[PDB]
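Every number here is computed from the coordinates shown, using simple stated rules; none is lab data. Cβ: placed from backbone, ideal geometry, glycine included. Neighbour counts: every protein chain shown.
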């Protein structure tokens, strides 16, 4: 049935290239089949399946599922920041395809967690490293320019990607994260400090709007907003502490076992 | 009325493969028209229509597509509007008035309510047949308000709801149970054991 699964995956991919998102998703849902047959038949097929899963995740709002499938197809940085190293068994062309898939995953990968990893990736290229720096900067002007220059990469069929839709959506999510990163933690905040920080965002009026909008998102919490004063206000602990202690013990265990 | 009468047949169509035959568009489009007039709704049927248009481009119908998108918006905060967008390619999204409708939807999604009402050509043709469109939008706005405000200026709420008179505002406050205040009123042993274990582990 492995061949049939491959046919399904290929057909689904074709539909996605010329096909609607939901039907392809349904095909993907049917599609998964035992790992082992694929492993016995060839190294590459599993990688292709992982790539398909990653694509589905990308179509899906969640980047988590795709993050797992892509790492398995290719090595990815693990939670707790340990290197994940993939097998080199698959045929070199297949491996190149896998590398391309990994490059695609970076987009999913950045969303999943952190932070500035390109160690597996070649140092010299500024295509991905530059993008990472721009995200780190937290300023769109550099981000926008990065899309503008590497307009060619996004385009690569033209009808299939007429408008660059996905990249733009991703960038808009990316812009929001830094503001949440201050993440309140202040009981009461001067308006002017908020204005200075929100000013950087392209819309001048966003803070009156941009700040309230952030509250609606719920990524960050604002207190006293819309107030006459105009100044924003901003067992559980034990559980958190216990959690940390657990992590420490885990690290020690791995050390001892090692 | 008509919606309920067509419901059974449409449901049967959607259960099988005939939903992929564009010959059934005439029936599905009349179904969409009935959803608009009676303020009824059927997302599955509407997505099937969009799919038929994407697969059979020559059948693309501007009015039906616009009504499907507008009705999808009336169903926010649900994912309806986003799903419909997934069913329309870039070329068609860029055409009038689909481009304009998506722009309006964008204002709603990003919750810029004042901007929405301002940009909304109140006397827009497509809106006339879509029964309850304006009030449906207000329900979404009140959904957002109930989540993002503790207290809110009476004047501000009326603005966000489309510049309502005090009498109309009262209707919505009443609907969600909001009332004016000063203003409209809107809104051990185990642990010890754990430490002991953790400590022991550390010592080891």
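Key figures for this structure:
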read-out: Test: residue in the stretch A:205-228 that is surrounded by 12 or more Cβ atoms within 10 Å (Cβ to Cβ), within 13 Å of chain B (Cβ to nearest Cβ), more than 27 Å from residue B:147 (Cβ to Cβ) and touching a helix residue (DSSP H, G or I) at 6+ places or on another chain (Cβ under 7 Å); value: no
read-out: Search result, residues across the stretch A:15-31 that are under 20 Å from residue A:94 (Cβ atoms) and away from chain B (no Cβ under 14 Å); value: A:31
read-out: Total residues in the stretch A:66-85, condition buried (at least 18 other Cβ atoms within 10 Å of the Cβ) and out of contact with any helix residue (DSSP H, G or I) (no Cβ under 7 Å at 6 or more places or on another chain); value: 2
read-out: Which numbered condition residue B:95 misses (of (1) closer than 21 Å to residue B:13 by Cβ; (2) in a loop (DSSP other than H, G, I, E, B); (3) within 13 Å of chain A (Cβ to nearest Cβ)); value: (1)
read-out: Residue in the stretch B:127-143 that is within 22 Å of residue B:25 (Cβ to Cβ) and either more than 14 Å from chain A (Cβ to nearest Cβ) or surrounded by 15 or more Cβ atoms within 10 Å (Cβ to Cβ) (or both) present; value: yes
read-out: Some residue of the stretch B:162-172 being within 14 Å of another protein chain (Cβ to nearest Cβ) and surrounded by 15 or more Cβ atoms within 10 Å (Cβ to Cβ); value: no
read-out: Residue in the stretch B:64-73 that is surrounded by fewer than 16 Cβ atoms within 10 Å (Cβ to Cβ), part of a helix (DSSP H, G or I) and more than 14 Å from chain A (Cβ to nearest Cβ) present; value: no
read-out: Residue list for the stretch B:128-181, restricted to those being in contact with a strand residue (DSSP E or B) (Cβ under 9 Å, 6 or more places away or on another chain) and under 20 Å from residue B:76 (Cα atoms); value: B:145, B:157, B:160, B:173
read-out: Top-ranked residue of the stretch B:74-83 - restricted to ones that are assigned to a helix (DSSP H, G or I) and within 11 Å of chain A (Cβ to nearest Cβ), ranked as farthest from residue B:42 (Cα to Cα); value: B:82
read-out: Qualifying residue in the stretch B:16-28 (condition: within 22 Å of the chain's Cα centre (by Cα) and under 24 Å from residue B:134 (Cβ atoms)); value: no
read-out: Residue under evaluation residue A:188, criteria (1) over 22 Å from residue A:206 (Cβ atoms); (2) more than 21 Å from the chain's Cα centre (by Cα), criterion not met; value: (1)
read-out: Flag for residue A:182 being under 17 Å from the mean Cα position of the chain (by Cα) and surrounded by 11 or more Cβ atoms within 10 Å (Cβ to Cβ); value: no
read-out: Selection from the stretch A:245-258 of residues that are surrounded by 10 or more Cβ atoms within 10 Å (Cβ to Cβ) and either at the interface with another protein chain (Cβ under 10 Å from one of its Cβ atoms) or touching a helix residue (DSSP H, G or I) at 6+ places or on another chain (Cβ under 9 Å) (or both); value: A:245, A:246, A:248, A:249, A:250, A:252, A:253
read-out: Boolean, residue B:105 is surrounded by 12 or more Cβ atoms within 10 Å (Cβ to Cβ), under 21 Å from the mean Cα position of the chain (by Cα), in a helix (DSSP H, G or I) and within 13 Å of another protein chain (Cβ to nearest Cβ); value: no
read-out: Residue within the stretch A:31-38 that is surrounded by fewer than 16 Cβ atoms within 10 Å (Cβ to Cβ) and either touching a helix residue (DSSP H, G or I) at 6+ places or on another chain (Cβ under 6 Å) or closer than 24 Å to residue A:165 by Cβ (or both) present; value: yes
read-out: Scope the stretch A:229-244; condition surrounded by fewer than 17 Cβ atoms within 10 Å (Cβ to Cβ) and not in a loop (DSSP other than H, G, I, E, B); matching residues; value: A:233, A:236, A:237, A:238, A:239, A:240, A:241, A:242, A:243, A:244
read-out: Criterion violated by residue B:198 - all others in (1) in a loop (DSSP other than H, G, I, E, B); (2) facing chain A (nearest Cβ under 10 Å) satisfied; value: (1)
